[PDB]
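A short write-up of the structure that comes next.
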Amino acid sequence: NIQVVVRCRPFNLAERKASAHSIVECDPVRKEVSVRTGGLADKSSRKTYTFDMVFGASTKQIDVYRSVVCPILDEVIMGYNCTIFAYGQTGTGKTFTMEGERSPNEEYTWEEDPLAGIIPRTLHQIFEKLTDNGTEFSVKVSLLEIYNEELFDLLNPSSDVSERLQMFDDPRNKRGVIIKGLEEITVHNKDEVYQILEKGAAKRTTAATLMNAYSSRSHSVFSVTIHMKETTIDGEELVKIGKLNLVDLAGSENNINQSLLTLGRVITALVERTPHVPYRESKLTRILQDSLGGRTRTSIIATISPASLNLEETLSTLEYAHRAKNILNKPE
Ligand SMILES: Nc1ncnc2c1ncn2[C@@H]1O[C@H](COP(=O)(O)OP(=O)(O)O)[C@@H](O)[C@H]1O
Ligand SMILES: CCOC(=O)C1=C(C)NC(=S)N[C@H]1c1cccc(O)c1
Ligand SMILES: [Mg+2]
């Protein structure tokens, strides 16, 4: 089964002043998420769900990485393909979890910033883990985004944010596709990571100015490919290639996101073991087909809010994530 975890965001200053009380309770020991759906103080009703891991509002970035990503990166380094999806309503922490932010007032360098998310921590760790273990390696990254079923390359420095990419089936891969023009940037060392990320961020700002609700309606796929070569004591070369897809999905809240709709239908088809799985019905599911009931080790981080105002969407997200737990994958 694929791994499904839940992360609740902490209250913001506005909610803090309103003396808001959380309707979400996370028990890491029991690995459960309990939501107050009604009831008055001394008695109420609740909805509880169990997941592989649960992270409360106070969970720090480093702990999400240690608990969820560390094991996944080790697998990527073993030469397997892995994917991590961030799913949930806009404003619940998908981007904070997948990307992170900078601590205010330049208190920390990017490498030591406690607010850094999965992407920067992962890139930094790859270089650390392969510092001198005898494995020669190269790291390449790409950032593909889907908006209104159109494809954009956020790491191409010479292309206009208006330029769309074309997708084709891979002749030498039945369930694979080729994204013509998608640029792969080589990360030569840890000291090249931040600037590369900043460039993509700058280009996304241009995208936001041009496309409506870009940050919430778009799907982003940040891919890291590690080509590795080991040489045995007898001179033989051992090759392994690991790939990690870090996906920040469009907000799940209740116009017409074909890829988001298709992702849900694919999950339903997989869990209900229906013969036909509609992978080809959206660009997102075609690109990530192997991550959904395929040979890629997949994990989903469902993000929720502690505010009573978001009760309906929170329950929807939990029900969606809990169902996804039934998806079966077959690693390499
Ligand atoms: N774990 C967290 N700790 C501190 N702040 C968080 C956390 N998660 C989310 N936030 C804050 O909550 C807001 C949620 O925004 P964001 O990450 O962009 O959500 P989304 O991508 O799901 O729309 C941001 O301002 C972010 O800084
Ligand atoms: C200009 C600020 O940029 C950022 O915060 C980030 C960018 C560009 N890209 C990603 S994936 N994550 C953010 C990030 C990167 C490194 C350390 C951090 O603490 C936060
Ligand atoms: Mg976001």
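According to the authors' numbering, the stretch in the sequence shown is residues 18 to 271, 287 to 364, in order.
No residue lacks a Cβ here, since even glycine has one placed at the ideal position from N, Cα and C.
Residues sharing a beta bridge with residue i, DSSP
{"i": "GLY268", "result": "Looking at the DSSP assignment, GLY268 forms no beta bridge with any residue, so it has no partner."}
{"i": "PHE169", "result": "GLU162"}
{"i": "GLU247", "result": "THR152 and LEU255"}
{"i": "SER51", "result": "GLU42 and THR65"}
Exposure of residue i, with buried meaning 16 or more beta-carbon neighbours within 10 Å
{"i": "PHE239", "result": "buried"}
{"i": "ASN271", "result": "exposed"}
{"i": "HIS308", "result": "exposed"}
{"i": "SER179", "result": "exposed"}
{"i": "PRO137", "result": "buried"}
{"i": "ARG63", "result": "exposed"}
{"i": "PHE185", "result": "exposed"}
{"i": "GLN78", "result": "buried"}
{"i": "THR222", "result": "exposed"}
{"i": "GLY56", "result": "exposed"}
{"i": "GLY117", "result": "buried"}
{"i": "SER235", "result": "buried"}
{"i": "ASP322", "result": "buried"}
Other residues of its chain near residue i: CB distance less than 6 Å, five sequence neighbours each side excluded
{"i": "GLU153", "result": "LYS246"}
{"i": "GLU201", "result": "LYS157 and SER159"}
{"i": "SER51", "result": "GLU42, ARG63 and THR65"}
Sequence-distant residues of the same chain with beta carbon closer than 8 Å to residue i, five excluded per side
{"i": "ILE359", "result": "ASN18, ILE19, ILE299, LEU302, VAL303, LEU324, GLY325 and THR330"}
{"i": "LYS357", "result": "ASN18, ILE19, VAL21, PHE68 and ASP69"}
{"i": "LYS48", "result": "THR67, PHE68, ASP69, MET70 and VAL71"}
Rounded distance between the beta-carbons of residue j and residue i, thought under 8 Å
{"i": "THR114", "j": "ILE89", "result": "Actually they are not in contact, since the Cβ atoms of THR114 and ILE89 sit about 14 Å apart, beyond 8 Å."}
{"i": "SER269", "j": "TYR104", "result": "6 Å"}
{"i": "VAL41", "j": "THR346", "result": "7 Å"}
{"i": "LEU350", "j": "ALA334", "result": "7 Å"}
{"i": "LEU172", "j": "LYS216", "result": "7 Å"}
{"i": "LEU316", "j": "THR294", "result": "7 Å"}
{"i": "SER75", "j": "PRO27", "result": "6 Å"}
{"i": "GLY198", "j": "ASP170", "result": "7 Å"}
{"i": "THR54", "j": "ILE336", "result": "Rounded, the Cβ-Cβ distance is 13 Å, inconsistent with contact."}
Neighbourhood of residue i by C-beta distance below 7 Å, restricted to the same chain and skipping five residues each side
{"i": "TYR97", "result": "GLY259, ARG329, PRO363 and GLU364"}
{"i": "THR107", "result": "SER233, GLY268 and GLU270"}
Check: residue i C-beta below 8 Å from any heavy atom of ligand 5
{"i": "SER340", "result": "With respect to small molecules bound, the structure shown includes ligand 1, ligand 2 and ligand 3 and not ligand 5."}
Next item on the list: Evaluate the contact criterion for the segment 33–51 versus the segment 336–351: three or more CB pairs, one atom per stretch, below 8 Å.
Entry: Flag = yes, the segment 33–51 and the segment 336–351 touch.
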